[PDB]
Structures are given as structure tokens and as C-alpha cells.
Amino acid sequence: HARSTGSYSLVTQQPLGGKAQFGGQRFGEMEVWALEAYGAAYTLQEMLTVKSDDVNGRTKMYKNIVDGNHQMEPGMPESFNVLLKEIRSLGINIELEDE
Amino acid sequence: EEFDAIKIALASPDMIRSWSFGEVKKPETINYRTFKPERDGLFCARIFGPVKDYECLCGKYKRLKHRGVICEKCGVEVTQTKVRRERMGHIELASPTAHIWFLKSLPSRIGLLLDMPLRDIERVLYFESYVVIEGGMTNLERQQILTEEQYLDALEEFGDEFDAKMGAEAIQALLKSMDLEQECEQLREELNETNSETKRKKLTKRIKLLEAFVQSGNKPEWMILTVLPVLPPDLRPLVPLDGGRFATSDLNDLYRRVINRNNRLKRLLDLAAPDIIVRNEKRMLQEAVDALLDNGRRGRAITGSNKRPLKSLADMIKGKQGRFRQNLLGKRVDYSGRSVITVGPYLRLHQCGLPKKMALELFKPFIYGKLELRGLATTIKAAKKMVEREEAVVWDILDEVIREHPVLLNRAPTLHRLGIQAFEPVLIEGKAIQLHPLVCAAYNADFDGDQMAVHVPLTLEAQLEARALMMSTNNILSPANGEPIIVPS
Amino acid sequence: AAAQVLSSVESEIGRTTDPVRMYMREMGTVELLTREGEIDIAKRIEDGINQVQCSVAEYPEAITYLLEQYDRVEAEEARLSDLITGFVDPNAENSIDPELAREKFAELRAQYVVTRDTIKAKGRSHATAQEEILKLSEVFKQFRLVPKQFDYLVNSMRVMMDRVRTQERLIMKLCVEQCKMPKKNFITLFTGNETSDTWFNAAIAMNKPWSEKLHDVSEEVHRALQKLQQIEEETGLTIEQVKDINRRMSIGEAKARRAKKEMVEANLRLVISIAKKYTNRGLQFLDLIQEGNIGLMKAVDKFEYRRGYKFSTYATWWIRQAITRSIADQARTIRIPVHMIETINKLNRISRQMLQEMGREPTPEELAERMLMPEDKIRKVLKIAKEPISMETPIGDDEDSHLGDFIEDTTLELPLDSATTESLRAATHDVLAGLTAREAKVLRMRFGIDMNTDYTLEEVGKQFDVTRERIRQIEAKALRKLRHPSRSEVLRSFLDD
Amino acid sequence: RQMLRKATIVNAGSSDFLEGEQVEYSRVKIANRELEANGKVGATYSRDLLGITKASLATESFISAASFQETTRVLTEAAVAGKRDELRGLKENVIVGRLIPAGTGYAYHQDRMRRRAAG
Amino acid sequence: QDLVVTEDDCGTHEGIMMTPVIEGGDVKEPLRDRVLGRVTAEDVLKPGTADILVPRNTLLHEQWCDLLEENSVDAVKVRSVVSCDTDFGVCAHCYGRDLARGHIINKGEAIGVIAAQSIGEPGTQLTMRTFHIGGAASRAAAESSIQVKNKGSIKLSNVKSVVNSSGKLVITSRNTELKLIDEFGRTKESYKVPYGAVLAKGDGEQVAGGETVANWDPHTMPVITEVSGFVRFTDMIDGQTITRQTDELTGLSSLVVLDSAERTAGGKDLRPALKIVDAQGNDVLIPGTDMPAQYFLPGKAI
Amino acid sequence: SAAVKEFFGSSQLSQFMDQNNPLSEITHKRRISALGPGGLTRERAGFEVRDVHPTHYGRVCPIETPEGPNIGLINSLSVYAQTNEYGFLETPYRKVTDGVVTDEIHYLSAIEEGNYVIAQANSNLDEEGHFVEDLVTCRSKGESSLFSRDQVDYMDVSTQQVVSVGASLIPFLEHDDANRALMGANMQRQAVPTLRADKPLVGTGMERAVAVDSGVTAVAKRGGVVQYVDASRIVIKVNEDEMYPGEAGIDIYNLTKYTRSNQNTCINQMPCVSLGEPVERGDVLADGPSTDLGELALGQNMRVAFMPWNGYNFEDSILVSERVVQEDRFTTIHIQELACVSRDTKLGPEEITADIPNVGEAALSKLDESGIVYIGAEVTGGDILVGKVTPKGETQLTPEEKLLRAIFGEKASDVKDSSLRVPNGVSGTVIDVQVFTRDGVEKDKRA
DNA sequence: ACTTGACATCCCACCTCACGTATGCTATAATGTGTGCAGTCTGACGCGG
RNA sequence: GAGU
Ligand SMILES: [Mg+2]
Ligand SMILES: [Zn+2]
């Protein structure tokens, strides 16, 4: 089984699981650790954004690949936004501070 | 929005007003037949944003031509659906309720600020006994428990000067009135004359809390919640299974109960209901609120219609199945494939067998770009049509992309960094991935049906890091000891 | 002694959060005297209501808002609902014949005029006038007004007292906080004179350097007193009799409210028991119990001791009803009007019987037969009958998945198709360039291509320069030439889609 | 060395210290630089040992610590502290989908650090 | 996670002294193995082949190590990750070789996670493996006899023994080791002998090849008396602190002194002893010292 | 009916039968789990109950259990073992009266077993008298050693009572370590029937029994002579012996060919005997899938050579001959099921027709007028089986789209591609098709 | 190249209709109750008392 | 039910 693009998850907007959904494999914290052991930051970032929850980023990088660019240009993963909103639901203020 | 830092503090009730766009008055979600959002309901379009892109409720106004258009009849703003992930709503709580987290979780900042044990606070909150806020009379000062008729034996004789109340609202009041500045200074002066050991330790702790509190600028009255923020609808979405059936988040059921009980409290207030039932309702309000935040912390939790405990906001963040570990520090990824490993004696050290059909799928977009640039396909639509038939040409383009590309092989568990290695993939017939014998030791892999994942670093940078830093041929020595991992077996 | 038993049990309460226990404890202390005890407090209801009505007959403004609000709806031709249905509904100790209304209002006006003449002669209430005032009040006791209207009349007096006390509070705020004056001396002087200015300068007559300071803003001080005095004038009530009415009315109201408190708390046990029958896994125990209490409220207020029948019997229905209606409307995520709910109820009662007759199941046709409803309608109801199943439902029998781990967003046009639409727009502008400048802008504007807005034929004609019909021909010319495979090499592929 | 991350202060600086406070070894050396060069009253310190879990929970990266364990507790403490996470560590950037400050990401990350000095 | 190489060298002189680990039975891990690829702090001196000196701040490569092997220096102050001056992270120098690469570590590489993965890895492996290959259970516990391998002098450090009737040099010290001197005076071989172990050759005398110099029974640590006379019983009552096991025949028994678990509530503080009295009665004292010999028999001392 | 169907459907103990082979089914039926209501879960189970008790002797196989967190919890019933009166485990044992070994069997529970002194089956027995050795090999009160003849009360029926059904099939278990033994029983459970059944060269005698009880084979219940033989019908004329003077003496066995198992595996019966053959009561008329003439035919037997190859057999990897495919051995029949659903949205009722907008007529060609795939047609992954149309609703013409719709025409007919696709990379033949029309709407042509 | 007018087809908005929805009212007497499973582990740091 |  293999997946490039297909159906994504409802809440997190991550790729689904299983051959049944045309799902992608989870690249887990274990795998993360491997990348970290190497200095491999851009691969990791791929896995975190263009490959998963960043909509604008994955679509843009798709088009870049066809065009022969291979530039990343990352966005914000949806999971992190999920996180923010759930914290504010708990009445806990989390703001991302400007420079 | 290119950022430096993240700060966390108590949410002010009026700050919660700020984030919230509209008040959710009704427990209803949507109409049963027409599944459109209900007015001031949980999935309200007027509050949380429009269901469908650039199209209002009643449906007179659509198209990009209308952006920021505010439909006069329905009160629907015309914009992107995406807003339903980001607008918050809110609830006006009739009885200021205490936040469970700051009570039942240790140490419990309320308890430690007031140097008051849990039980006292409980009996107060649960309306079992009254407590003294402000005593003009020397007989009793701050934090005294009074029963039913002790309060009467107190009220009858004194009153006038004598201030006491019951419940979370009383505690809110005691929170505002306690002197932030003075007490800090008092404690250090206490320290100056005499410090028996353990007393000075606890007094020290308290000093730390207090100072930290007033430096951060967090106000104690914020412990008591007046406004209850409500999570964006997309995060608690309501969806039909294809068989007509529905699935809804557990958040929705807890929230619904919250609203139901709050509305009943409005009715009971307007009716001037007797104390006993008013008190009972405040218990119930507190329950629902605290269940919504963290269910079961408070003792016996609300269950599923099943039997299964309802999943609270806390579970969503915290659990191992919570957001952190399942969706944030790790996730499912595209451009990866997975299948059984088979021996590749003929492969070189930096190589691996990559099954035809797997690689076809993986490298899809690379295919399209070159298809269009070489003019083999008129446009991208035709390139897709040309991939889905599968002629000789397709394979050749795949060949050219795969040439000098490195791909990553992964085996779970990721014991060490060499649980993922980079290889030059070589296409083969069949559905089985071929692995080089030498590197079996590092993956601790053996040929008895183990599967591996194969990820594609897509960018030039990813490719670079894979071939340079992660390449099999680059990493022979264990980072653990200096000795070789990739070796005879 | 009852409270003492409460407190000993409370000393043992081992943090049992179960509100069941808590409520059970409190109610457990309160005993219930029956038979006549109930009727006792019912009598207190009646006398409270009549109290306020006596005031309405006796009070100047009260009769005014009566006739004044009769004209609003009746004068306009001939009206019988809205305001009239809110009012009236009278009991002489229901379709209201015009004949009776004409008669019942007639004797009022005559009484009004005669009751005015005596007021003026000599005193406010000199002896005879006091006796006739009492008889006037006894005439009004006869009528009962419907609750909805009664509120607003009660409201005019309630807020008037607020105005009185608040005006004094604001006056004494500035006076006592900025100026300074002992309230004991206040008592005598204000109660004696009120209306005349003697008390103003007599107070300063006690001397002492502070009293003389007052001239710099002299105008403001006594003119502000004028606001209060003007309330006196417009109210038209003398302070000797003003107090009497307001406080006495206050008394009536308090009697009634506290009396009901006793009554309601005595009947707690009844509500709870009746609720626990329908506790039957619909919502929660406690929610039900709360709804039942609302039913008792209703029972209390519409309960009549005159009926001569047991309270339990009557209240039972109100509490029972509250519970039924509440489950129907709350309960499910999909809120449902009751007509649909009642139909569902029929369904399932019949289901049991039919399964037992057939030895198996009920097909829609056979079911539809017995109900005499259209099969389509039955099937509709069957589908609508499905309750919210949880999105968080552990789909994994092994705690693998919270249903959500299936759900995909079909809203998302796929990155495949998004690439497609991009290529399409780019291709469109390039073929636009092939056209003649203004021809290009014609089609560009006509379809909003590369503009936030679409202009139709007439609006394009306006912006172009008169020509409307020529634009039809231009559209056709573009069509004709763009059909040519030359410019349309790029567009050709998209014909398949 | 990670387990040695924290120390205990005897004696006030110009800062938020005082008797028995359990502050990071890094913040102590930062105070050193700035105070020794300018003067002000000195602060006496002693090194402390924390094992694993506690050490992790003690670090000034509350999203790091929140990702570890005791999510509930750590959040509340940081919320009351009004704590400000400056985001120098790894998992922080991980979660935000940023450039790891290790290795390949070193370049970009030091650039942001110099941009802090320039206003 | 936060530990990364930020600096090349902060300039610390501090460091940790690493030895060749001579834990008991042998030199299980030598200095070379422990130190390879590390930066050194300071120079160590030893009277050696020609008065050894070794320049500091230097990373010790394989070949450096070979040279120092011929000198046979014992203790080396090596600049450590811990003794690093760098804030939030460490120095290239303080860390040393990145084992996987062969060279000095690259500045910026996350050494923290490096260490963690390496150390978690084997734990996870060494569980799984002897759990699905070792289908039974046993351990090398025949700690019976010591055996000197090469011909040298016997020389003891840290003990105080007391000579008996049968004639064994019985060790009563917890701090005992039994080493081996070669031709011109060095500590070659090392053994660890526990309390109660019979010896053969004491201090000074030469042992020929593969001769039995120490001896003790494994499954049983005896407590051995330093002085003579009659055994006097103190606080060993039956049920409180000891359990009667007696047979018929001529009427022999073997007392078992039970620990805390089997003791009733009254016999909690009772410390059971065997007091050393003489033929006359009175506390005979251990030679030269003041102790009236009262040997505290521990929990379950049969 | 709710509570019953609760138990039957939702409970832990009610599971999909494993029908990979008859062994799988039979073993599953008699497996015994420590979970369920009144029982333990995974965390709730420590070493206590998981570990191997001496009592398990002749009652549970000590050697048959899922590896991983399920281990210790679920265990197969040993061969000869059954439940006693009170649902306690018991084993049949032979009496031994005064030295001589009697012929009587008694079933004993664990409690009963503790009491008596039992010789192993392995102990050597003098022909219908006593024991051959003076000092003999037995166990009493749960503990093994040497006893003399007179003291010995009972004895094992056979060795195979120690082990479960799965474990009993393995031939030389005696020389195999328990770890691999465990894995062996497990793998046997996952074996799939091929096209061509082969009897195992090395069996145990149990291979007849196993098949017999599996009951997927068809067995003669009277005996007599076979009157008619069909690959679908086996009809037998009984001897007047077993013949009822009431009814007629003809017994009819309709066989089932190629039905789908839960695992997607093959369930086909082949007739064994021939027309006019005289057979006895309890003869094997027709074989189930992995069954030869009476015997378990789990798999197939090949000439293996133990040797290292040029790293094609590296680490337990397998080198194999093209001859295997030549003979068609180890070829599986998989009967896969797919369902096409025509639902009703309020968007409009979906319909099944041959009507499929913008499809290649390649895909249209194989469909009947109803939109149903032809019987027996061979297709591939992606190919359309059953046609379906669904209510669409467009009108979102962003500017550029309107332009082209005008020019070329191609007038858009509202309909999604609901039509029934075949799964990815999968290709086989349609063996059969089924149609269920709801009562409301009228009959389909194909239906 | 463009306009004009005629005649013929299509798109937007407001009105009467009909079903759908919201809330009230019922009188023999009915008045202290529900309810379960959680657990067994297991070393652990911690406060409370 | 797979393997580490
Ligand atoms: Mg394997
Ligand atoms: Zn609208």
C-alpha cells in the first residue's frame, strides 16, 4: 500500500489511516527522533507541514514539484491551531508573541 | 505574525468576551430536517461563520463579489468556511463558577493562596455551609465556617456589620477583597523577627505564589468564571455517516447539558425559586462546567450513552491519544509507502528495491511536472489520464526522477537514528521491497514478514540531507560505541 | 430540633458529591402537614392578590391606567382580542358578551364622580369620606385580573418607590458626602414640614461656621430639592397617606411570597418520586428532578383550594406534564417539535404488538396499513428517528479509533483539481491576449474574468459606450473564432472534463 | 548535565531571587555577567540535583514540559506564573512546524537571535 | 533535548579523572576504551619510561592512545560534558568525537538526543532478546574458588584476619581484595573476596602458577569468631526471635533466627547476639581491642 | 431479545470464527479465555494467572497461546479433556488395581487428581498385567518421581491428552523447543487451502479425527451403496440394515462448492468416492477444503534442501522453484465480497443504471442494460462493476469556467460518479452476483 | 461597423397558501430514593495529619 | 493476528 494524495482527516486535517481510506503512514515521534539525530531539519519540517496538515503549503509544494522548483515555503499546521482553540476553551489564554 | 515567544496566563473574563464573537443561547445545533445551523445555537452561522464558502444562511448572497458583506435579513457575514475553526463563542454563566482545575488538581492554587484545606472549600462551594467574608465584629474574621442555624444564631444576634455568604460566588468575593500588596510585606516582616523552621518553609512557598501572581498581573477574581468560552464548531463537528446516521463530539453533549441547566437557572431566577432548589441548581451548573473542562476529576464522572466516560477538553489535550502526542509531535504523512521486505543480495550498500506500483504512486507529482514540460502531455489533466492508463512512457519518466533521488527506509521501532536510512531506490517488478543484507543489523530487521515504510524527502534540501547525512554509506559506525553497525552476518 | 439532625448527618458527610444524597437530606428534614395545612397557605394567596387589588380601586393612577388602556384597543372600531384578551377574563361572584361589558363599566364612572366630590369639601378624609373610601375599596375586591396585566400595574408602583428612595439616595449622596448633616435631626424636620422652605434656613439658624458656607453654589442645592418636590406634585399624593399605601402594599407582597416558599418546600418529596418513574434512562436523574420542580411551581400558582380536592392529585399532572414536554424538547441533539415526538411514540408502542402477532418484524407497508399514513411519511419518520451517535465513539473495539479517525472532508477540492483550476485560469488569460484589446476587455468584464465582479449584458453596454445588442454579436464573434483550433489548442483538453 | 540544570539561591540580586528559590543554572550565570560588570549586591548559589521527570518539568520550556507529562499541572503553574516561553529548545519548534535549532537549522535560528538585539 | 554544541571552546580547565576500571575480578573496561576520542584537561605525571608528560586541551586520537598505552598512565583528567562552561549546551572540545562519524562532533548537532537514543536502544533490545531466545533461567553463581594465573608475589590491601586451629587465614573484613604483584612491583591481577573467606597465603609469600590461594562456600556467608570460649545466648527466645527445629535420635537441632516478617509484635527491637564468654564466665576480649565479642547474627541466621 | 443479542453480538467472547482452515475453526471453538464479565483485562492480569500451572496437565495445553499481551490469558482445551458437572476441568484416567492395569476409565477433576498416584502413559507396561519396572515413573499430589508398582493407583490414557488439538498435529514436537512449538501451533491456524489438496506426508493419526470433527466434510450417516454421483449432489442407497421401515431409504447429500469464508478464503467440497461404491457408516463422502480422503490436508509437501544460497535464503528468507507455480501449488482462491449501495439523499434518490457520464465505453461495454456486470466476466482494479448515479448540484462557475462552457458547449448533466469501482491492484473473476431490491421501488431489469 | 425596433425567451421579487410549530391544560390519590461496578498492580513522589 |  502507498499514498501520495488522498482523503484527509476531519478535525486535524492529517492524512487518514489504512488501505481502506487510502491512508498514509504515521511518521511517529520515534521517526522524529531519528531525523533529530541527524541534523535533518527540512525533511522533518516536510513531515510536519507540507506532508500533513498545512493545506496551502502542501498544495503549493505540489505545484512547485511539478514546476521543478522543490522550494518548501512552509505554512501553519492545522493541529497547532486545534491546540490553541482547545486551550482557550479551557479559559486559558495562550498568545503567540510578536518580535 | 512571525513570532518570538509564547506567553500563558489566566484568561480574563472580559478577555474571553473579546475572543468570543457571539453568545450561544440555545442548546440546539441545527434543524432536524434541514441540517442548517440554528439561530443562537451551537453551530450558529451568525456567530461562528458560514457553513459553505462565501454564501450566507438564507442564500440571497453568494460569490467572491461579496466579501465582508453582512446579510441584513439573517445577520450572516459572507466569507471563508475556514472561520469555523477560529471564531470562539461564549456562554454567560448565571452563577459565577469556580474553575475545577484550580481546585481539584494539586496543589490547587486557590487552596494554597487562602491557606485553606480542600474540605472547607468544598462544603462552601456545595452549599453545605456558609463562610465569613468580612467581620466588622472581632468574634469572627476571614474564612470561618457557619452551619445552617449557626448562621441564624449569628445573623439574629449580629448582622449589620457581619458579612458572610455561601458558594463559589462567596469565594469569588473573598478573592477580590484579599490584599495582594500588603500581605507580601507582612510575611517578610514576620520572617524578620522569628522563623521556626517548617512555618518559615510554608510561609516561603506562599510568598512565592503571591509575588509571582502580582508580577504576572493575573487577577485572582479570574479564578471565578463568569464567561465560559466555547470551542469553534469545526473542532466539535457534527457529521452524517452515509447510512443517514450521525456522529457528534462528546464536547457537544457536555456543552448541551451546560446550556440546558443554565437556561433553567434563568427561569428559576425569574420565578424567585426557593433557596434549596436554587442551591441544587448551582451544584448542577458547577458539575456540568467542571465535567466539560475535566470530567471525572471531581469524582464520579458523566458516562457515554454507552457506558464510556465522556471525553473532555482535558482528555483532548492531555491523553496519550490527546492532541500533543498523536497529532502534534507526530502525525500521518503523505509520500510514503509500506510493504514487506525481501532480500537483495544483488543490491549495493546504498540501494534498495522499490516495487513498481509503489513508486508509481509515491512519485505522482514529480511525474506530472516532467510530463508537461517534455510536452508528452498537453496539460496536467491529460497527464493524470495518461498515468491512469499506464504505458511504457510512464515508466521511463519514473526512471528519470528516481535517478539520483534518495528515499528513506524506516523500520519501527525507531531504536536509534539508523532506524531510518537513505538509499538510492532501484525499481523492480513485484510488490515487495528489497533490502540490503548488511543494513539488516541496524534496523534489527529479519525476513519473516516484517514491513517497512518508505518516505520521500521531496525538496532539494530533503534529498541533500538524506543522501549526505542519512545515507547508508555515510553511517557505518554506531553513534553509541565507535564500532561498526553495518557488518557481516 | 430538625435542623440539629441535619447538622449531625452533615458532620459525617464523607464528601459524597452525589447531589441526590444532598437534596434527599434537606427534604428529609422538612415534614409535610396535610389536609388543611395546604389550604392554609392557599388562603394566604387569595388575600395577597385582593390586597393589591384594593389598592388599585383606592389609588388615583391605578383606575386611570384602566380606562386609559381600555380606549387604546376598543375605540379603534370594534376590537375583541389582543389587549382585551390580556385583560378582562372576569369572575362575577369565556366569551364575553358586549352587553355585560357595557353594564359592568357603567356603574364605575358614576362612582368615580361621586367619590371625587366629597374629597374636596373640608378635609382629605374627614370621617364620612373615610367610610365612603373604604366602601369604594370593597367594590373593587370583587374583580380578579389575569396575571399578565396584573404585573405591569404592580410594576408602576414598584419602580415608583425605587424612584423615591433612589432620588433621596442621590440627593443625600451629594448632601451627606460633600456637605454633612446628622440624620437624627433630619427625622423631625422632614416629617413635619416637607413642602415649605422653613426647614432650610431654620437648620442653618443653629449657627456654626459651616452652615454659612453654602452661598457659592446656593442655586444648585435647593433647586436639586425641587426635583424631589416635583415628584410630590406629579404624584399627587400627600406624605401622610403616601407612606401608608406604599409600605402596606409592600407588606401584602411579602406575605404572599414567603407563604409560597413554605408551601413549595413542603412538597419536594412528591416531585422527586414522580420524576424517578420517568428517570428511566432518558436524561439524568437530577435534570428530571429539576424539571419536576418547575411543574410544582406551576401547580402551586394555578392550584385552587376551592376545588376541595387533594393537592397531590392536581399537582401530579402539572409535574408529570412538565417532565414529558421537557424530554421531548431537550433530550436529543436534533431538537424536535412535539407533533413529531408523539408520532414516534405511537410507532414503538405498535412495534411491540406487531412483532408479537407476526412472529417477526413490521414491514413499512404492513405498518403503514395499520396507521393509515402514507408509506413515504413512515419511512421519513423512521430515518429522522435516528439519535445522535457519538463522533468520539470508540469505533475500534480495541481502543484504536475515535470515529473521527475515519471522517474525511469532501469540501476540500483535491490538490489534483486545484492544480487543474490554476492551469485553466492561466491558460484563459493567454488566449485573451490573442484577442483584440477591447474585445478582450469585453469578455474579461462580461464574465468577471480577472475582476472581482461579473457585468451582464446591459451593465457591460453601459460601461462600454451605449452598444448593447452589438455585444451579443461580439459574444458570437468571440465564440466563432475561439471555436477555431488555433487559439483553442490549449483549451482543447478541457473539453473532456 | 541535564539533571544539574537547576540551583538554589541564597542572597538577593537585583532580580527575583531571595532565600531558597530554585532557579535555573543558566539564569544564574546570566545574572553573573550583568551584575558583576555593573556592580549591585551579589547572590550566593548552590547546585542541585533533580532526576529525570522533575528535571524535565523544571525546565523553562513549558510546552516541552506539557508535552512530557503532568499536562494539567504544568499548564496551571505556568498560567499563574504568567510565564513567557522564549522558544530556544527543540520540541518547541517541532510542534510549531519550524526549523529545529539543531544542525541544519542552526543558521536560521541564530539569525532570529540577532534580530532580537536589533529591536 | 536542549543540549547542542554552541561553542568550540569556552576555556574550562575542569575535568573528571577516569581510571581503568579494576572492579574486583578483572579489568573489565580499561582506560583506553573509556577515554578514546575525548579532549583532555591538564597533564598527568607518572614516574615511567622517562617521566611522562602529555600536553592538554588535546583530543586523544587512537594513535595518541597507543603512545600513552606504552607509558601506562593510570588516571586521566579528561574534559567532560558536565564540567563544560557553556550555557544551555556544550563545547565541541568537552564532548569529543561523534562516534558515528569518526571525527570531532559538528557544532550544532543535537548531542542530547544522540545520547538518549543510544542508551534507550540497548535496554529495549536486551529485554526482548534473552526473553524470546533464552527459554529457561540460570546465572553463573559458582563463586567458589579464586585461582592465580601467572607466577607472582601475593600482596594484600585492606583487611584484618585472625588465625585458627585448623590453620586457615580467615578474613573478617568487608573491605578485602586479593591482588597480584609481578617482577618489578605493580598491581596486575585483582580479585574480590567476601566476608568469611578462608585464605591460604597471607602477605609477602610467592604463589606458584594456578595454586588455590582463597576459598569459600558460595551459598552461605559464615560469621567467624576472633576469640575463643563458650557460646552464651542473649535475647534468642523461641517465637520472639528464633524458631525451634528439633528431632528425635540423640536429640539434635538447628536454630533459625527469623527476621522482621515472622516476628511477633513484642520482638521488634530485640537484636539477637552471640556473646563471647570464657571457661570462667567473663567477656573474653578480642586480642588488643576493647570489644567484648558480641557477634550480631542477622535476619534468618541459621 | 436486546439483552440476548447484546451478548451474542457485542460481547468479548463472541467472535468471528477463524475459518482459515478446519484446524483454525476447531481450535477456536475450544479455546478458553480468562477475560469477559467477571474476569480479567490486560492490565488486571499479572504473573499470577498467566504463568504455567502444574494443574494444566491434561486439561489445558500449556503450549497454545497467542504471543504478546494476550499471552497467558487465552488457552486451548487439551485433547481428551472436558468439563465436569460443576464446569470444572477434568481428565480421563485408567485404573490400576493391585499392580495390574485395569481397563476402566474415570474422569477426575484437579482436586480429585491431587489425591491419587498416576503413572505416565510413557511408563512401560507388562502385557495385560503389571508394570515392567520395579521402581516406576509417576506423580502424586502434583509432584513427580519414583514409586513401586503396588502404590500406583492410576495412569494416563495417552500422551496426547497433555496437549491441545493444534499442538497434537505437529509430528516431532518431541524434538522442538517450546518457543517455536508455540509459533508452530499459531501458524497452522493461519494456513490457507490451495487449489490442489495434498495429504501430509508426516501426520500423527490425529489428522483423520481433526477433519472428522471439523464437520465441514460430509460424512455418510447410514452406509450402503452410492446411487448417484455429481459434483453438486451425492445420493446414496442405504442397506436395509439402517433402513427405517417408516420413511424411504435414500439419503441425499447436496454439496457446496466455492463459498466465501470470513477470511475471504475458499470453502469448496469435492466428492471422494465413486458411483456404485459400497461404503460404510462414517465414511468420508465429500471432502471440505483442506481435507484429503479422510485426512487433514493443510498444505502441500515439497522437496527441501537445507543449504545456504547466494544470500537468497539469508535470514529465514526462502528460495523457491518456478515449478511450484508450474504445478499451480500454493495458489489461493480468494472469494472477495463487495457491496453496492443505492441510498436515498434528500438531494434525490440514487439509481442503478448503465448511464454513466464521461466514462470510456470500455467500462460501459461489460455492463448490462441494468448497469450490472456480466456473469463470468474477468475484470481489474479500477474497472466499473455496477453503475450508480447520485444527485449533484453545481452552479459555482468561477469566471473562466463559464467562458469555456459557452464556447464548446458540453452541457453539464448533474450526476456524481457513484458507480461501483473494483479495489486497487486486484483482479479476478466474478463468480456470482446477488440483488436485493427494497419493497417500495419497482423491480430492476437485472433483478 | 453600428444602431434600432420587434418579437420571443429567460431571471428576480413580492403575494396568497398550507402545513408546521410552540405552549397551554388535565383533578380519586399518587410525597425518602437511586444505584453500580470499581479494584486488585505497583513502585512513587508528595502533602496532609 | 503480525513482527521487532
Ligand atoms: Mg521479523
Ligand atoms: Zn441571509
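Sequential numbering from 1, following the chain as shown.
Method reported for this entry: X-ray crystallography, 5.5 Å.
Cβ coordinates come from backbone N, Cα and C, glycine included.
The feature Zn(2+) 2 binding site is assigned by Swiss-Prot to E:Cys10, E:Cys84, E:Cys91, E:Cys94, with sequence analysis given as support. Counting only same-chain residues at least 6 apart in sequence, those with a Cβ under 8 Å from the Cβ of E:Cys91 (Zn(2+) 2 binding site) are E:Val5, E:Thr6, E:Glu7, E:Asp8, E:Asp9, E:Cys10, E:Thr12, E:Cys84, E:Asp85.
The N6-acetyllysine feature in Swiss-Prot is assigned to E:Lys168. Annotation for E:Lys168 (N6-acetyllysine): same-chain Cβ neighbours under 8 Å, separated by at least 6 residues, are E:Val198, E:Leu199, E:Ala200, E:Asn215.
E:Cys10 (Zn(2+) 2 binding site) carries neither a helix nor a strand DSSP state and counts as coil.
Secondary structure at E:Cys94 (Zn(2+) 2 binding site), taken from DSSP and collapsed to helix, strand or coil, is helix. Filtering the binding-site residues E:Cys10, E:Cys91, E:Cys94 for a Cβ under 8 angstroms from any Cβ of chain D leaves an empty list. Each of the binding-site residues E:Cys10, E:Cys84, E:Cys94 was scored by other CB atoms within 10 A of its CB, and the lowest score goes to E:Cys10. Summary of the Zn(2+) 2 site environment: with the site residues E:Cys10, E:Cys84, E:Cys91, E:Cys94 set aside, the chain residues having Cβ atoms within 8 Å of the Cβ mean position are E:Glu7, E:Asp9, E:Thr12, E:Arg79, E:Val81, E:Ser83, E:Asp85, E:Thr86, E:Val90, E:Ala92, E:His93, E:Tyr95.
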